[PDB]
Ligand SMILES: *Cc1c(COP(=O)(O)O)cnc(C)c1O
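Residue numbers (the UniProt record's numbering): 3 to 228.
And the structure:
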């Protein structure tokens with residue numbers, strides 16, 4: 003049951019934050035609903051969840067339109083999958099956040115495709131921190147350059163960083179990789195305005211990411227099931 007899973011996940015988040023001396027309010031739960039049907043999202047919505055993460059543009063847009071047709075207010079939709087140039091218009095027209103900025107041309111497209119009547123699209127820059135098998139995300143060495151370029155796009159708002167670390171079994175490495183992101187995040191916060199979002203941690207590494215300094219865990223299966 004989705005309402006039960008939501009409350010439980012939220013308890014683990016709340017425990018994990020206070021144990022490491024953090025207010026639980028600091029951590030946002032992003033309910034990842036890729037491969038969940040709109041009916042499962044509706045259950046989470048009714049239980050109070052407002053923030054949802056989608057990986058595949060067209061399915062995400064279908065879910066967004068479904069709930070617009072119902073009139074549901076206060077939802078916040080995060081695109082967290084890799085963004086292809088031929089589908090960037092759909093993200094710019096329908097989503098509130100995009101976590102996967104890893105090249106300037108895609109961010110310029112998003113900027114130029116964002117309808118004028120909408121507020122700026124909130125974006126995160128994606129770091130490939132530890133995954134030699136992913137083509138998504140930049141190296142940390144490229145961050146200062148890309149962040150400066152993206153920060154000038156007036157139809158976007160740079161909010162921080164996202165990473166999908168390579169999967170790790172040892173809690174030690176989970177923490178250590180998450181800390182590299184946390185360190186990059188704090189360094190970025192010392193010069194850029196409104197840097198407040200570090201999208202870091204999934205179901206299996208949630209405690210390490212929070213201890214490392216994540217502000218936003220992306221939880222799918224522990225909420226919606228397989
Ligand atoms: C699917 C996915 C998640 C959620 O994964 P779970 O293991 O089900 O918690 C989080 N972030 C991204 C980028 C994903 O693609």
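Just so you know, even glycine gets a beta-carbon here, dropped at the ideal spot from N, CA and C.
The alpha helix (DSSP H) enclosing residue i, as first and last residue numbers
| i | result |
| --- | --- |
| residue 208 | 208-214 |
| residue 43 | 40-48 |
| residue 69 | 59-72 |
| residue 175 | 173-191 |
Nearest-angstrom Cα separation, counted from residue j out to residue i
| i | j | result |
| --- | --- | --- |
| residue 42 | residue 35 | 8 Å |
| residue 147 | residue 195 | 16 Å |
| residue 115 | residue 60 | 16 Å |
| residue 135 | residue 168 | 8 Å |
| residue 143 | residue 203 | 22 Å |
| residue 79 | residue 171 | 30 Å |
Range of the contiguous beta strand (DSSP E) that encloses residue i
| i | result |
| --- | --- |
| residue 311 | Nothing about residue 311 can be read from this structure; the chain reaches only from 3 to 228. |
| residue 159 | 158-165 |
Presumed contact (8 Å Cβ cut-off) between residue i and residue j, rounded CB distance
| i | j | result |
| --- | --- | --- |
| residue 81 | residue 102 | 7 Å |
| residue 53 | residue 33 | 6 Å |
| residue 112 | residue 100 | 7 Å |
| residue 184 | residue 200 | 7 Å |
| residue 49 | residue 8 | 5 Å |
Any non-hydrogen atom of ligand 1 closer than 8 Å to residue i Cβ
| i | result |
| --- | --- |
| residue 220 | yes |
| residue 48 | no |
Beta carbon proximity, residue i to chain C, threshold 9 Å
| i | result |
| --- | --- |
| residue 106 | Within the model displayed, chain C is absent; a lone protein chain is all it includes. |
Check: residue i C-beta below 8 Å from any heavy atom of ligand 2
| i | result |
| --- | --- |
| residue 162 | No copy of ligand 2 occurs in the structure displayed; its ligands are ligand 1 alone. |
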